[PDB]
file final-v1.pdb (PDB, C-alpha atoms (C1' of nucleotides))
ATOM      1  CA  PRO A 241     -26.604  27.220  30.715
ATOM      2  CA  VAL A 242     -27.130  26.804  34.438
ATOM      3  CA  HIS A 243     -26.955  23.029  34.144
ATOM      4  CA  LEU A 244     -23.460  23.455  32.695
ATOM      5  CA  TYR A 245     -22.349  25.499  35.696
ATOM      6  CA  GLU A 246     -23.736  22.808  37.987
ATOM      7  CA  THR A 247     -21.949  20.129  35.959
ATOM      8  CA  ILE A 248     -18.632  21.982  36.206
ATOM      9  CA  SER A 249     -19.073  22.432  39.950
ATOM     10  CA  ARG A 250     -19.814  18.735  40.402
ATOM     11  CA  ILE A 251     -16.777  17.835  38.298
ATOM     12  CA  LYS A 252     -14.574  20.023  40.495
ATOM     13  CA  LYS A 253     -16.017  18.500  43.666
ATOM     14  CA  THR A 254     -15.547  14.946  42.390
ATOM     15  CA  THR A 255     -11.982  15.720  41.327
ATOM     16  CA  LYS A 256     -11.137  17.127  44.758
ATOM     17  CA  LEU A 257     -12.778  14.143  46.460
ATOM     18  CA  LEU A 258     -10.755  11.710  44.348
ATOM     19  CA  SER A 259      -7.558  13.672  44.974
ATOM     20  CA  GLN A 260      -8.194  13.447  48.719
ATOM     21  CA  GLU A 261      -9.073   9.740  48.563
ATOM     22  CA  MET A 262      -6.214   8.613  46.302
ATOM     23  CA  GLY A 263      -3.688  11.162  47.557
ATOM     24  CA  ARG A 264      -2.774  12.251  44.025
ATOM     25  CA  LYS A 265      -4.113  14.149  41.038
ATOM     26  CA  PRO A 266      -6.782  11.987  39.359
ATOM     27  CA  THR A 267      -6.473  11.117  35.701
ATOM     28  CA  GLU A 268      -9.010  11.960  33.010
ATOM     29  CA  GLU A 269     -10.233   8.368  32.756
ATOM     30  CA  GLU A 270     -10.631   8.077  36.532
ATOM     31  CA  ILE A 271     -12.731  11.249  36.681
ATOM     32  CA  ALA A 272     -14.792  10.161  33.676
ATOM     33  CA  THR A 273     -15.532   6.798  35.284
ATOM     34  CA  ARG A 274     -16.441   8.426  38.599
ATOM     35  CA  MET A 275     -18.732  10.883  36.832
ATOM     36  CA  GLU A 276     -20.151   8.007  34.742
ATOM     37  CA  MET A 277     -19.653  10.027  31.556
ATOM     38  CA  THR A 278     -17.525   9.601  28.459
ATOM     39  CA  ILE A 279     -14.090  11.201  28.330
ATOM     40  CA  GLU A 280     -15.118  13.186  25.256
ATOM     41  CA  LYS A 281     -17.932  14.823  27.230
ATOM     42  CA  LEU A 282     -15.456  15.751  29.955
ATOM     43  CA  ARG A 283     -13.084  17.291  27.413
ATOM     44  CA  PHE A 284     -16.020  19.156  25.848
ATOM     45  CA  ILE A 285     -16.946  20.573  29.255
ATOM     46  CA  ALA A 286     -13.330  21.588  29.859
ATOM     47  CA  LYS A 287     -13.149  23.345  26.483
ATOM     48  CA  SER A 288     -16.479  25.128  26.918
ATOM     49  CA  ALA A 289     -15.612  26.350  30.419
ATOM     50  CA  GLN A 290     -12.836  28.574  29.082
ATOM     51  CA  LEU A 291     -13.021  32.350  29.232
ATOM     52  CA  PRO A 292     -12.669  34.278  25.967
ATOM     53  CA  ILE A 293      -9.395  36.159  25.741
ATOM     54  CA  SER A 294      -9.635  39.790  24.735
ATOM     55  CA  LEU A 295      -8.320  40.861  21.346
ATOM     56  CA  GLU A 296      -6.063  43.460  22.981
ATOM     57  CA  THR A 297      -3.938  41.159  25.063
ATOM     58  CA  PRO A 298      -0.267  42.168  24.801
ATOM     59  CA  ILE A 299       1.898  39.661  22.972
ATOM     60  CA  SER A 305       1.657  44.834  20.456
ATOM     61  CA  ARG A 306      -1.808  43.292  20.745
ATOM     62  CA  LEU A 307      -3.242  39.876  19.986
ATOM     63  CA  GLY A 308      -5.700  41.236  17.425
ATOM     64  CA  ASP A 309      -2.863  42.192  15.060
ATOM     65  CA  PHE A 310      -1.651  38.584  14.703
ATOM     66  CA  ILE A 311      -4.898  36.952  13.531
ATOM     67  CA  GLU A 312      -5.524  36.435   9.838
ATOM     68  CA  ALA A 313      -8.842  37.178   8.179
ATOM     69  CA  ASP A 314     -11.362  34.721   6.807
ATOM     70  CA  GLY A 315     -11.639  34.985   3.051
ATOM     71  CA  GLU A 316     -10.264  33.721  -0.216
ATOM     72  CA  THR A 317      -6.643  34.696  -0.773
ATOM     73  CA  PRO A 318      -6.402  37.002  -3.827
ATOM     74  CA  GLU A 319      -4.148  34.249  -5.157
ATOM     75  CA  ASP A 320      -6.794  31.546  -4.726
TER      76      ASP A 320
ATOM     77  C1'  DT B   1      -1.510  25.645-100.775
ATOM     78  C1'  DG B   2       1.607  24.702 -97.374
ATOM     79  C1'  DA B   3       2.586  25.151 -92.904
ATOM     80  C1'  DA B   4       2.779  26.545 -88.213
ATOM     81  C1'  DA B   5       0.234  26.076 -83.687
ATOM     82  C1'  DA B   6      -3.211  24.882 -80.854
ATOM     83  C1'  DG B   7      -6.411  21.450 -79.305
ATOM     84  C1'  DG B   8      -7.986  16.807 -78.951
ATOM     85  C1'  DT B   9      -8.323  11.432 -77.824
ATOM     86  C1'  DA B  10      -6.857   7.029 -76.360
ATOM     87  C1'  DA B  11      -3.541   4.917 -73.368
ATOM     88  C1'  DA B  12       0.014   3.189 -69.294
ATOM     89  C1'  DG B  13       0.979   4.082 -65.346
ATOM     90  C1'  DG B  14       1.064   5.947 -61.085
ATOM     91  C1'  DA B  15      -1.139   8.011 -56.858
ATOM     92  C1'  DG B  16      -4.597   7.868 -53.690
ATOM     93  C1'  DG B  17      -8.531   6.565 -51.342
ATOM     94  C1'  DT B  18     -11.369   2.970 -50.060
ATOM     95  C1'  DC B  19     -12.359  -1.418 -48.845
ATOM     96  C1'  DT B  20     -11.397  -6.667 -46.882
ATOM     97  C1'  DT B  21      -9.433 -10.108 -43.017
ATOM     98  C1'  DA B  22      -6.207 -12.611 -38.452
ATOM     99  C1'  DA B  23      -4.753 -10.910 -33.742
ATOM    100  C1'  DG B  24      -5.721  -8.909 -29.896
ATOM    101  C1'  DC B  25      -7.837  -6.243 -26.603
ATOM    102  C1'  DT B  26     -11.116  -4.052 -23.145
ATOM    103  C1'  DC B  27     -15.648  -2.944 -21.967
ATOM    104  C1'  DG B  28     -20.208  -3.294 -20.467
ATOM    105  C1'  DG B  29     -23.687  -6.105 -18.767
ATOM    106  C1'  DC B  30     -25.218  -9.419 -15.728
ATOM    107  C1'  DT B  31     -25.351 -11.439 -11.298
ATOM    108  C1'  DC B  32     -24.916 -11.101  -6.591
ATOM    109  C1'  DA B  33     -22.773 -10.309  -2.097
ATOM    110  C1'  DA B  34     -21.989  -6.541   0.284
ATOM    111  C1'  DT B  35     -22.863  -3.411   2.065
ATOM    112  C1'  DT B  36     -24.157   3.020   3.152
ATOM    113  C1'  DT B  37     -28.756   6.304   3.354
ATOM    114  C1'  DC B  38     -33.379   6.876   4.980
ATOM    115  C1'  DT B  39     -37.230   6.958   7.734
ATOM    116  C1'  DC B  40     -39.921   5.636  11.306
ATOM    117  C1'  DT B  41     -39.833   4.839  16.373
ATOM    118  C1'  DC B  42     -38.069   5.442  21.008
ATOM    119  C1'  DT B  43     -35.428   7.466  23.995
ATOM    120  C1'  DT B  44     -32.597  10.579  26.233
ATOM    121  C1'  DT B  45     -30.741  14.242  27.240
ATOM    122  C1'  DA B  46     -30.422  19.933  26.749
ATOM    123  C1'  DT B  47     -32.573  23.876  28.275
ATOM    124  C1'  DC B  48     -35.674  26.611  30.933
ATOM    125  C1'  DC B  49     -38.803  27.625  34.871
ATOM    126  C1'  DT B  50     -40.125  27.920  39.986
ATOM    127  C1'  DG B  51     -39.198  27.566  44.679
ATOM    128  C1'  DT B  52     -35.870  27.611  49.625
ATOM    129  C1'  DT B  53     -38.219  29.710  55.984
ATOM    130  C1'  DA B  54     -33.194  30.342  62.563
ATOM    131  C1'  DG B  55     -30.849  35.235  61.542
ATOM    132  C1'  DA B  56     -28.405  38.096  58.983
ATOM    133  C1'  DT B  57     -29.326  44.636  56.795
ATOM    134  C1'  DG B  58     -23.705  50.644  53.846
ATOM    135  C1'  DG B  59     -17.139  48.495  49.750
ATOM    136  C1'  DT B  60     -11.791  47.506  48.561
ATOM    137  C1'  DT B  61      -8.508  48.695  46.633
TER     138       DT B  61
END
call {"tool": "encode", "arguments": {"input": "final-v1.pdb", "output": "structure tokens"}}
result
Amino acid sequence: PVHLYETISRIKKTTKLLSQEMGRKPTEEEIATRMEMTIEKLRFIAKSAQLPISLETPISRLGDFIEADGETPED
DNA sequence: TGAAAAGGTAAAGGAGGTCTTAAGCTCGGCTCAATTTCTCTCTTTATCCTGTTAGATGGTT
């Protein structure tokens, strides 16, 4: 959602501002405090911002190394 | 008529099942703290929608 894009942009801007102010890469807790949000929310945003990798990425393709969901004939 | 030859009867004894207690256990109920669901409120976000007035006007690899 658009609000998520705006949240990610604000997180990037805050991180750059803290890096400029403190002269070093900010930690997760520092960013979470500055954003006034829990660290778990920040990690959730970071995980949801990822781009999906295509199944045909060379490793040979990625799609030939992923098992299938089901009950093993043995089970 | 005498005599096998089988068929009964009354015991003794054993074999087997069925009853009785002293010892011990463990099992459920009862109480009674000590708590996890539930169901309302009561918020609080999560998601979508609309608008923005200097001027700008044909692609990169």
call {"tool": "interface_residues", "arguments": {"input": "final-v1.pdb", "of": "chain B", "to": "chain A", "cutoff": "12 Å", "atoms": "all atoms listed in the file", "output": "PyMOL selection string"}}
result
chain B and resi 45-49
call {"tool": "write_last_selection", "arguments": {"input": "final-v1.pdb", "atoms": "C-alpha atoms (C1' of nucleotides)", "output": "compact mmCIF listing (two decimals), in the coordinates of the input"}}
result
# COMPACT_ATOMS: atom_id res chain seq x y z
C1' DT B 45 -30.74 14.24 27.24
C1' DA B 46 -30.42 19.93 26.75
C1' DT B 47 -32.57 23.88 28.28
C1' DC B 48 -35.67 26.61 30.93
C1' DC B 49 -38.80 27.62 34.87
call {"tool": "atom_distance", "arguments": {"input": "final-v1.pdb", "atom1": "CA of residue 283 (chain A)", "atom2": "CA of residue 258 (chain A)"}}
result
18.0 Å
call {"tool": "atom_distance", "arguments": {"input": "final-v1.pdb", "atom1": "CA of residue 268 (chain A)", "atom2": "CA of residue 256 (chain A)"}}
result
13.0 Å
call {"tool": "residues_around", "arguments": {"input": "final-v1.pdb", "residues": "residue 286 (chain A)", "least_positions_apart": "5", "cutoff": "10 Å", "atoms": "all atoms listed in the file", "output": "list in words"}}
result
residues 248, 251, 280 and 281 of chain A
call {"tool": "write_last_selection", "arguments": {"input": "final-v1.pdb", "atoms": "C-alpha atoms", "output": "tab-separated table (two decimals), in the coordinates of the input"}}
result
chain	number	residue	atom	x	y	z
A	248	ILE	CA	-18.63	21.98	36.21
A	251	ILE	CA	-16.78	17.84	38.30
A	280	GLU	CA	-15.12	13.19	25.26
A	281	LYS	CA	-17.93	14.82	27.23
call {"tool": "atom_distance", "arguments": {"input": "final-v1.pdb", "atom1": "CA of residue 312 (chain A)", "atom2": "CA of residue 288 (chain A)"}}
result
23.2 Å
call {"tool": "resolve_selection", "arguments": {"input": "final-v1.pdb", "expression": "the PyMOL selection byres ((chain A and resi 271) around 12)", "output": "compact mmCIF listing (two decimals) with C-alpha atoms, in the frame of the given file"}}
result
# COMPACT_ATOMS: atom_id res chain seq x y z
CA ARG A 250 -19.81 18.74 40.40
CA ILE A 251 -16.78 17.84 38.30
CA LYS A 252 -14.57 20.02 40.49
CA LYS A 253 -16.02 18.50 43.67
CA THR A 254 -15.55 14.95 42.39
CA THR A 255 -11.98 15.72 41.33
CA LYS A 256 -11.14 17.13 44.76
CA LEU A 257 -12.78 14.14 46.46
CA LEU A 258 -10.76 11.71 44.35
CA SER A 259 -7.56 13.67 44.97
CA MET A 262 -6.21 8.61 46.30
CA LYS A 265 -4.11 14.15 41.04
CA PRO A 266 -6.78 11.99 39.36
CA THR A 267 -6.47 11.12 35.70
CA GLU A 268 -9.01 11.96 33.01
CA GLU A 269 -10.23 8.37 32.76
CA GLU A 270 -10.63 8.08 36.53
CA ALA A 272 -14.79 10.16 33.68
CA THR A 273 -15.53 6.80 35.28
CA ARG A 274 -16.44 8.43 38.60
CA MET A 275 -18.73 10.88 36.83
CA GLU A 276 -20.15 8.01 34.74
CA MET A 277 -19.65 10.03 31.56
CA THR A 278 -17.52 9.60 28.46
CA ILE A 279 -14.09 11.20 28.33
CA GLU A 280 -15.12 13.19 25.26
CA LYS A 281 -17.93 14.82 27.23
CA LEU A 282 -15.46 15.75 29.96
CA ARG A 283 -13.08 17.29 27.41
